[PDB]
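Q: The file below is query20.txt, compact mmCIF, C-alpha atoms and all ligand atoms:
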```
# COMPACT_ATOMS: atom_id res chain seq x y z
CA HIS A 1 -6.90 51.92 -83.89
CA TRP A 2 -7.47 50.75 -80.36
CA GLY A 3 -6.08 52.34 -77.24
CA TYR A 4 -7.09 53.43 -73.75
CA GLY A 5 -8.57 56.88 -74.47
CA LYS A 6 -12.16 58.09 -74.44
CA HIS A 7 -12.72 57.40 -78.11
CA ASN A 8 -10.73 54.19 -78.55
CA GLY A 9 -10.54 52.61 -75.14
CA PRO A 10 -11.93 49.39 -73.57
CA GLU A 11 -15.61 50.32 -74.02
CA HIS A 12 -15.03 50.56 -77.78
CA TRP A 13 -13.00 47.39 -78.33
CA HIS A 14 -16.02 45.12 -78.95
CA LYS A 15 -16.62 46.83 -82.34
CA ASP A 16 -13.36 45.50 -83.78
CA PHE A 17 -13.14 42.44 -81.47
CA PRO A 18 -16.68 41.17 -80.70
CA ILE A 19 -15.29 38.53 -78.32
CA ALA A 20 -14.87 41.46 -75.92
CA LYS A 21 -18.39 40.61 -74.75
CA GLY A 22 -17.65 36.87 -74.55
CA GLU A 23 -18.08 34.30 -71.85
CA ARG A 24 -14.51 34.16 -70.51
CA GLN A 25 -13.12 37.70 -70.64
CA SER A 26 -10.30 39.10 -68.47
CA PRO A 27 -9.50 40.75 -66.17
CA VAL A 28 -11.99 40.07 -63.36
CA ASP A 29 -12.49 41.06 -59.77
CA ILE A 30 -11.18 38.31 -57.50
CA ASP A 31 -13.63 38.06 -54.60
CA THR A 32 -11.34 36.38 -52.08
CA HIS A 33 -14.18 35.06 -49.92
CA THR A 34 -15.88 33.36 -52.94
CA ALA A 35 -12.76 31.79 -54.43
CA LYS A 36 -12.69 28.13 -53.53
CA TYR A 37 -9.59 26.58 -52.09
CA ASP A 38 -8.76 23.61 -54.26
CA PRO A 39 -6.44 21.19 -52.42
CA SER A 40 -5.85 19.32 -55.69
CA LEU A 41 -4.09 22.35 -57.28
CA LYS A 42 -0.35 21.73 -57.52
CA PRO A 43 2.32 24.25 -56.61
CA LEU A 44 3.27 26.36 -59.53
CA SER A 45 6.65 25.45 -61.12
CA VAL A 46 8.56 28.51 -62.33
CA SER A 47 11.85 27.56 -64.03
CA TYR A 48 13.54 30.78 -65.06
CA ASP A 49 17.24 29.97 -64.38
CA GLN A 50 18.09 29.69 -68.11
CA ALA A 51 16.01 32.67 -69.26
CA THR A 52 17.42 34.70 -72.16
CA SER A 53 16.05 38.20 -72.41
CA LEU A 54 16.53 39.82 -75.82
CA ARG A 55 14.97 43.23 -76.24
CA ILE A 56 12.85 45.89 -74.55
CA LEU A 57 10.15 47.47 -76.73
CA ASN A 58 7.51 50.28 -76.46
CA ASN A 59 4.67 48.72 -78.37
CA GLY A 60 2.24 51.64 -78.09
CA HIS A 61 0.14 49.84 -75.33
CA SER A 62 2.82 48.99 -72.77
CA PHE A 63 6.50 48.23 -72.72
CA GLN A 64 7.65 44.66 -72.97
CA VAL A 65 10.77 42.61 -72.35
CA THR A 66 10.99 39.78 -74.88
CA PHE A 67 12.68 36.41 -74.35
CA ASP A 68 14.11 33.69 -76.52
CA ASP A 69 11.22 31.20 -76.70
CA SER A 70 12.85 28.90 -79.28
CA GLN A 71 13.74 26.33 -76.54
CA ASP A 72 12.46 25.36 -73.10
CA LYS A 73 14.67 27.87 -71.17
CA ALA A 74 12.18 29.81 -69.07
CA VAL A 75 9.08 27.73 -68.45
CA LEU A 76 5.96 27.55 -66.36
CA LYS A 77 4.51 24.12 -65.46
CA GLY A 78 2.38 22.63 -62.68
CA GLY A 79 -0.22 24.61 -60.85
CA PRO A 80 -3.44 24.32 -62.84
CA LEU A 81 -1.50 23.62 -66.06
CA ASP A 82 -1.08 20.49 -68.10
CA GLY A 83 2.20 20.59 -69.99
CA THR A 84 4.92 23.12 -70.48
CA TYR A 85 4.58 26.82 -71.24
CA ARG A 86 7.45 28.93 -72.60
CA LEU A 87 8.00 32.55 -71.48
CA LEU A 88 7.62 34.88 -74.45
CA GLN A 89 7.58 38.33 -72.77
CA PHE A 90 6.60 40.33 -69.76
CA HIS A 91 4.94 43.75 -69.65
CA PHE A 92 3.02 45.96 -67.22
CA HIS A 93 -0.21 47.86 -66.82
CA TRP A 94 -0.23 50.97 -64.63
CA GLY A 95 -2.11 54.08 -63.65
CA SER A 96 -1.88 57.82 -63.67
CA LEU A 97 -1.95 57.68 -59.79
CA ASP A 98 -1.11 54.91 -57.35
CA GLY A 99 -4.79 54.02 -56.63
CA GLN A 100 -5.34 52.50 -60.07
CA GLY A 101 -3.38 50.64 -62.69
CA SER A 102 -4.00 46.92 -62.10
CA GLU A 103 -6.30 44.93 -64.37
CA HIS A 104 -7.32 42.29 -61.85
CA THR A 105 -8.73 43.61 -58.63
CA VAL A 106 -8.92 41.89 -55.22
CA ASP A 107 -12.17 42.51 -53.35
CA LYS A 108 -12.46 45.60 -55.62
CA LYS A 109 -9.03 46.86 -54.55
CA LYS A 110 -6.92 48.22 -57.43
CA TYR A 111 -3.14 48.08 -57.23
CA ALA A 112 -0.77 50.70 -58.73
CA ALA A 113 0.31 48.29 -61.45
CA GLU A 114 0.20 44.71 -62.66
CA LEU A 115 3.00 42.67 -64.18
CA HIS A 116 2.10 39.99 -66.77
CA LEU A 117 4.51 37.22 -67.67
CA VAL A 118 3.10 35.72 -70.87
CA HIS A 119 3.76 32.04 -71.64
CA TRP A 120 2.52 29.76 -74.43
CA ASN A 121 1.85 26.04 -74.50
CA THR A 122 4.62 24.18 -76.31
CA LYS A 123 2.15 21.60 -77.66
CA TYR A 124 1.00 24.29 -80.12
CA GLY A 125 4.50 25.12 -81.38
CA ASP A 126 4.16 28.92 -81.70
CA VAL A 127 2.31 31.74 -79.98
CA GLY A 128 0.08 32.54 -83.01
CA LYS A 129 -1.27 29.01 -82.97
CA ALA A 130 -1.55 28.98 -79.21
CA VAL A 131 -3.79 32.07 -79.13
CA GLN A 132 -6.33 30.09 -81.17
CA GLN A 133 -6.65 27.45 -78.44
CA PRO A 134 -8.57 27.52 -75.13
CA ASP A 135 -5.45 26.36 -73.22
CA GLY A 136 -2.90 28.09 -75.44
CA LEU A 137 -1.48 30.69 -73.01
CA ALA A 138 -0.70 30.94 -69.30
CA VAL A 139 -0.27 34.47 -67.94
CA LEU A 140 1.29 34.88 -64.54
CA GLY A 141 -0.04 38.12 -62.99
CA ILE A 142 1.70 39.93 -60.13
CA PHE A 143 0.38 43.05 -58.37
CA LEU A 144 2.58 46.07 -57.66
CA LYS A 145 2.02 48.27 -54.64
CA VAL A 146 3.99 51.45 -53.92
CA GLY A 147 6.40 51.45 -50.99
CA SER A 148 9.93 50.08 -50.87
CA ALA A 149 11.84 49.78 -54.18
CA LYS A 150 12.13 46.44 -55.99
CA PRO A 151 15.85 46.16 -56.72
CA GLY A 152 15.32 43.62 -59.50
CA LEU A 153 13.12 46.10 -61.42
CA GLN A 154 15.69 48.86 -61.54
CA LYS A 155 17.52 47.63 -64.68
CA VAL A 156 14.18 47.83 -66.50
CA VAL A 157 13.32 51.34 -65.16
CA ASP A 158 16.70 52.69 -66.11
CA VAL A 159 16.38 52.00 -69.84
CA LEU A 160 12.84 53.37 -70.33
CA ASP A 161 14.15 56.78 -71.37
CA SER A 162 15.60 55.04 -74.46
CA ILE A 163 12.16 53.70 -75.54
CA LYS A 164 9.93 56.67 -74.82
CA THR A 165 7.69 56.50 -77.85
CA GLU A 166 5.83 53.79 -79.73
CA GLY A 167 8.07 51.65 -81.82
CA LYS A 168 11.35 52.28 -80.07
CA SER A 169 13.33 49.23 -78.86
CA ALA A 170 16.72 48.52 -77.22
CA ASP A 171 18.99 45.57 -76.47
CA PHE A 172 18.00 44.10 -73.18
CA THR A 173 20.10 41.06 -72.49
CA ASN A 174 20.89 39.24 -69.23
CA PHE A 175 17.78 40.41 -67.43
CA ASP A 176 16.70 37.93 -64.77
CA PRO A 177 12.91 37.83 -64.26
CA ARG A 178 13.30 35.94 -60.97
CA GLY A 179 14.05 39.35 -59.49
CA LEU A 180 10.43 40.41 -60.08
CA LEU A 181 8.79 37.60 -58.11
CA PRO A 182 7.30 37.82 -54.60
CA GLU A 183 8.19 35.28 -51.89
CA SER A 184 5.04 33.20 -52.14
CA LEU A 185 3.69 31.45 -55.21
CA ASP A 186 0.22 31.12 -53.66
CA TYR A 187 -2.25 31.94 -56.43
CA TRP A 188 -5.73 32.26 -57.77
CA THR A 189 -6.58 30.75 -61.17
CA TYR A 190 -9.42 30.96 -63.66
CA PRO A 191 -9.99 30.57 -67.41
CA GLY A 192 -9.94 33.87 -69.22
CA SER A 193 -8.66 35.96 -72.11
CA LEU A 194 -6.04 38.32 -73.34
CA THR A 195 -6.73 41.75 -71.80
CA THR A 196 -5.69 43.57 -74.96
CA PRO A 197 -6.95 43.06 -78.51
CA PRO A 198 -7.47 40.55 -79.95
CA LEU A 199 -9.01 39.55 -76.56
CA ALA A 200 -8.75 35.88 -77.48
CA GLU A 201 -10.19 33.42 -74.97
CA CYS A 202 -6.96 31.43 -74.74
CA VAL A 203 -5.56 32.14 -71.28
CA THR A 204 -5.23 30.21 -68.06
CA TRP A 205 -4.76 33.07 -65.58
CA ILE A 206 -2.51 32.53 -62.57
CA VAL A 207 -2.64 35.59 -60.29
CA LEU A 208 -0.29 35.64 -57.32
CA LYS A 209 -1.77 36.64 -53.96
CA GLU A 210 1.36 38.43 -52.76
CA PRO A 211 2.12 41.79 -54.38
CA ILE A 212 5.61 43.10 -54.93
CA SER A 213 6.51 46.54 -53.65
CA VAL A 214 8.03 49.10 -56.01
CA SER A 215 9.06 52.67 -55.23
CA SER A 216 7.30 55.82 -56.26
CA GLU A 217 10.41 56.72 -58.30
CA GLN A 218 10.17 53.41 -60.18
CA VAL A 219 6.48 53.83 -61.09
CA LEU A 220 7.03 57.49 -62.03
CA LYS A 221 9.45 56.30 -64.73
CA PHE A 222 6.70 54.08 -66.21
CA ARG A 223 4.51 57.21 -66.39
CA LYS A 224 7.02 59.11 -68.52
CA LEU A 225 6.48 56.69 -71.41
CA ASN A 226 4.34 57.85 -74.34
CA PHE A 227 1.49 56.13 -76.21
CA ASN A 228 2.32 58.28 -79.28
CA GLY A 229 5.11 57.90 -81.83
CA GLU A 230 7.87 60.51 -81.83
CA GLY A 231 6.61 63.67 -83.65
CA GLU A 232 2.93 63.14 -82.68
CA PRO A 233 1.30 65.05 -79.81
CA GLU A 234 2.63 63.75 -76.44
CA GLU A 235 0.14 61.54 -74.59
CA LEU A 236 1.53 59.95 -71.47
CA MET A 237 1.34 56.13 -71.38
CA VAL A 238 -0.75 55.93 -68.21
CA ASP A 239 -3.99 54.07 -67.39
CA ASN A 240 -3.20 51.29 -69.88
CA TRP A 241 -5.49 48.85 -68.00
CA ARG A 242 -8.71 47.15 -69.00
CA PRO A 243 -11.34 47.24 -66.21
CA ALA A 244 -12.79 44.13 -64.60
CA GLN A 245 -15.17 42.18 -66.87
CA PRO A 246 -18.15 39.99 -65.93
CA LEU A 247 -17.27 36.69 -64.30
CA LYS A 248 -20.26 34.93 -65.87
CA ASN A 249 -20.16 31.19 -65.46
CA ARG A 250 -16.68 30.92 -63.93
CA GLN A 251 -15.16 29.80 -60.63
CA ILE A 252 -11.96 31.29 -59.33
CA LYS A 253 -9.91 28.68 -57.53
CA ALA A 254 -7.29 29.34 -54.83
CA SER A 255 -4.16 27.25 -54.28
CA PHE A 256 -4.13 28.23 -50.61
CA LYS A 257 -6.40 28.34 -47.51
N1 LIG A 301 -3.61 42.71 -81.73
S1 LIG A 301 -2.32 43.82 -81.47
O1 LIG A 301 -2.68 45.08 -81.53
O2 LIG A 301 -1.18 43.28 -82.33
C1 LIG A 301 -1.81 43.37 -79.72
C2 LIG A 301 -1.25 41.94 -79.71
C3 LIG A 301 -1.02 41.62 -78.23
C4 LIG A 301 -0.41 40.26 -77.90
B1 LIG A 301 0.66 39.49 -78.95
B2 LIG A 301 0.38 37.73 -78.54
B3 LIG A 301 0.87 37.45 -76.82
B4 LIG A 301 1.74 38.63 -77.87
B5 LIG A 301 1.43 38.99 -76.15
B6 LIG A 301 -0.23 38.41 -75.78
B7 LIG A 301 -0.86 37.63 -77.30
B8 LIG A 301 -0.98 38.87 -78.56
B9 LIG A 301 -1.37 39.29 -76.84
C5 LIG A 301 0.06 40.02 -76.22
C6 LIG A 301 -0.21 41.22 -75.29
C7 LIG A 301 -0.44 40.88 -73.82
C8 LIG A 301 -1.90 40.50 -73.56
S2 LIG A 301 -2.21 40.25 -71.79
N2 LIG A 301 -2.41 41.76 -71.20
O3 LIG A 301 -1.01 39.59 -71.20
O4 LIG A 301 -3.47 39.51 -71.72
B10 LIG A 301 1.28 40.29 -77.43
ZN ZN A 302 -1.11 42.40 -69.82
```
Rewrite the structure of this file - the entire thing - as structure tokens.
Ligand SMILES: [N]S(=O)(=O)[C][C][C]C1234B567B89%10B%11%12%13B85%14B%1158B%12%11%15B9%13%12B%1061B%12%112C5%153([C][C][C]S([N])(=O)=O)B%14784
Ligand SMILES: [Zn+2]

A:
Amino acid sequence: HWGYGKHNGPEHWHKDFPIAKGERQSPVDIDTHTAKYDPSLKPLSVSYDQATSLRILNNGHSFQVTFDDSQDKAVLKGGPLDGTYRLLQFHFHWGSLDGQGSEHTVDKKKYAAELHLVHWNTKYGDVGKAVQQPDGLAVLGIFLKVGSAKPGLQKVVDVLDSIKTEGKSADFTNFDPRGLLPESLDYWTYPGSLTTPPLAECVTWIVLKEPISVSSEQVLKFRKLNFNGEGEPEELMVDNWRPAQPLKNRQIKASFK
């Protein structure tokens, strides 16, 4: 089974998931000077006031906070999107040290971590169907740098000791994802893929220009998680990021000048 190690990591994934070498794979390096400002791009609409978080889960690749996506309660619209996308979950990718951990890079710069808020297009009814469509998913990506703490992240950090190993979950109600967002919704966008298996080419990527700051203590708690199940040899859940993939025939567009 796939992972991030020498023998099962990103360079191996194409054997089980041949689309790994496809034409619209993610993440990519965002070359800020080559991205074209598109004045026709709308502001992104993030409507998270009625979000209902349910659970927090160590899924063996990351940890995730899952939401009730059975109604239009936490939705993404506008920006480069046509229609309404429901928030299913958010999760992170991070490094063993602060100089790596993001999936997208900005002029080759790696951030300490990257937050993904995963949304699916309501016209397809469920996430399984949406992943089979070229406009099925919209993932909002936010970079994390290390400095000042992010107060809105602390409730997440504080429960990670209860989900150390793969398969563990906990109740995680009343979490407000608005507390993870930077000031600006200026973004880059491009057509891409899931960055984990099955690597489906179903994602409109929306990557915010402004990182959030988190503290060293907050990111250190991420690094105490385990890839392994309880009872198996302990392998720290660190460096759970796919490297930048070839841009090929794609244009990255910017919402801002
Ligand atoms: N094939 S597997 O081993 O079951 C991993 C499945 C991963 C996901 B399921 B469905 B939706 B949810 B969430 B998205 B898609 B598929 B993809 C997911 C992960 C974020 C992929 S990322 N990093 O945001 O591109 B979970
Ligand atoms: Zn992700």

Q: Residues of chain A within 12 Å of ligand ZN 302 (chain A): nearest atom pair and distance (Å, one decimal) for each, counting only C-alpha atoms and all ligand atoms, sorted by chain and number, as a Markdown table?

A:
```
| residue | atom | partner | partner_atom | distance |
| --- | --- | --- | --- | --- |
| A:26 | CA | A:ZN302 | ZN | 9.9 |
| A:27 | CA | A:ZN302 | ZN | 9.3 |
| A:61 | CA | A:ZN302 | ZN | 9.3 |
| A:62 | CA | A:ZN302 | ZN | 8.2 |
| A:63 | CA | A:ZN302 | ZN | 10.0 |
| A:64 | CA | A:ZN302 | ZN | 9.6 |
| A:89 | CA | A:ZN302 | ZN | 10.0 |
| A:90 | CA | A:ZN302 | ZN | 8.0 |
| A:91 | CA | A:ZN302 | ZN | 6.2 |
| A:92 | CA | A:ZN302 | ZN | 6.0 |
| A:93 | CA | A:ZN302 | ZN | 6.3 |
| A:94 | CA | A:ZN302 | ZN | 10.1 |
| A:101 | CA | A:ZN302 | ZN | 11.1 |
| A:102 | CA | A:ZN302 | ZN | 9.4 |
| A:103 | CA | A:ZN302 | ZN | 7.9 |
| A:104 | CA | A:ZN302 | ZN | 10.1 |
| A:113 | CA | A:ZN302 | ZN | 10.3 |
| A:114 | CA | A:ZN302 | ZN | 7.6 |
| A:115 | CA | A:ZN302 | ZN | 7.0 |
| A:116 | CA | A:ZN302 | ZN | 5.0 |
| A:117 | CA | A:ZN302 | ZN | 7.9 |
| A:118 | CA | A:ZN302 | ZN | 8.0 |
| A:119 | CA | A:ZN302 | ZN | 11.6 |
| A:138 | CA | A:ZN302 | ZN | 11.5 |
| A:139 | CA | A:ZN302 | ZN | 8.2 |
| A:140 | CA | A:ZN302 | ZN | 9.5 |
| A:141 | CA | A:ZN302 | ZN | 8.1 |
| A:142 | CA | A:ZN302 | ZN | 10.4 |
| A:143 | CA | A:ZN302 | ZN | 11.6 |
| A:193 | CA | A:ZN302 | ZN | 10.2 |
| A:194 | CA | A:ZN302 | ZN | 7.3 |
| A:195 | CA | A:ZN302 | ZN | 6.0 |
| A:196 | CA | A:ZN302 | ZN | 7.0 |
| A:197 | CA | A:ZN302 | ZN | 10.5 |
| A:199 | CA | A:ZN302 | ZN | 10.8 |
| A:203 | CA | A:ZN302 | ZN | 11.3 |
| A:205 | CA | A:ZN302 | ZN | 10.9 |
| A:207 | CA | A:ZN302 | ZN | 11.8 |
| A:240 | CA | A:ZN302 | ZN | 9.1 |
| A:241 | CA | A:ZN302 | ZN | 8.0 |
| A:242 | CA | A:ZN302 | ZN | 9.0 |
| A:243 | CA | A:ZN302 | ZN | 11.9 |
```

Q: For residue 99 in chain A, list every protein, DNA or RNA residue within 8 Å, evaluated using all atoms listed in the file, and leave out those in the same chain fewer than 4 positions away; present the list as a PyMOL selection string.

A: chain A and resi 95+110-112

Q: In file coordinates, which residues lie within 12 Å of (6.7, 59.7, -65.6) using all atoms listed in the file, given as a ChimeraX atom specification?

A: /A:94-97,157,160-161,164,216-226,235-238

Q: Pick out the residues sitting within 10 Å of residue 173 in chain A, and hand them over as a ChimeraX atom specification; count only C-alpha atoms, and ignore anything fewer than 5 positions along from it in its own chain.

A: /A:51-56,65-67

Q: Residue 177 in chain A: which residues within 9 Å, counting all atoms listed in the file, same-chain residues fewer than 2 positions away excluded, as a VMD selection string?

A: chain A and resid 48 to 49 51 53 90 152 to 153 175 179 to 181

Q: What does the distance from CA of residue 150 in chain A to CA of residue 213 in chain A come to in Å, to one decimal?

A: 6.1 Å

Q: Of the candidates A:129, A:77, A:36, A:178, which one gets nearest to ligand LIG 301 (chain A) if we count only C-alpha atoms and all ligand atoms?

A: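 Result for the nearest residue to ligand LIG 301 (chain A): A:129.
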
Q: One number please: CA of residue 131 in chain A to CA of residue 176 in chain A, in Å, one decimal.

A: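 Spanning CA of residue 131 in chain A to CA of residue 176 in chain A is a straight-line distance of 25.7 Å.
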
Q: For CA of residue 4 in chain A and CA of residue 163 in chain A, determine how far apart the two atoms are, in Å to one decimal place.

A: 19.3 Å

Q: Would you list the residues near (15.0, 27.3, -73.8), meaning any protein, DNA or RNA residue with an atom at most 9 Å from that point in file coordinates, counting all atoms listed in the file, as a list in words?

A: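 I get residues 50, 51, 52, 68, 69, 70, 71, 72, 73, 74, 75 and 86 of chain A for the residues within 9 Å of that point.
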
Q: Build an axis-aligned box that encloses every atom of range 176-190 of chain A listed in the file, pad it by 3 Å on each side, and report its centre and edge lengths in Å to one decimal, as AutoDock Vina command-line options.

A:
```
--center_x 3.6 --center_y 35.6 --center_z -58.3 --size_x 32.1 --size_y 15.7 --size_z 18.9
```

Q: Using all atoms listed in the file for the distances, tell me which of A:144, A:85, A:211, A:17 is nearest to residue 125 in chain A.

A: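 Checking each candidate against residue 125 in chain A, we get A:85 as the closest.
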
Q: Looking at only C-alpha atoms and all ligand atoms, which of A:151, A:198, A:5, A:182 is the one that sits closest to ligand LIG 301 (chain A)?

A: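 Using only C-alpha atoms and all ligand atoms, the shortest distance to ligand LIG 301 (chain A) belongs to A:198.
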
Q: Could you check the closest approach to ligand LIG 301 (chain A) for each of A:6, A:109, A:253, A:1 and tell me which residue wins, using all atoms listed in the file?

A: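 With all atoms listed in the file as the atom set, the closest residue is A:1.
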
Q: Select, from A:107, A:210, A:82, A:239, the residue with the minimum atom-to-atom distance to residue 29 in chain A, counting only C-alpha atoms.

A: A:107

Q: Go through A:98, A:38, A:23, A:126 one by one, measure the shortest atom-to-atom distance of each to ligand LIG 301 (chain A) using all atoms listed in the file, and give the residue with the smallest value.

A: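 Checking each candidate against ligand LIG 301 (chain A), we get A:126 as the closest.
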
Q: If you count only C-alpha atoms, which residues fall within 6 Å of residue 79 in chain A, apart from same-chain ones fewer than 5 positions away, as number ranges by chain?

A: A: 41-44
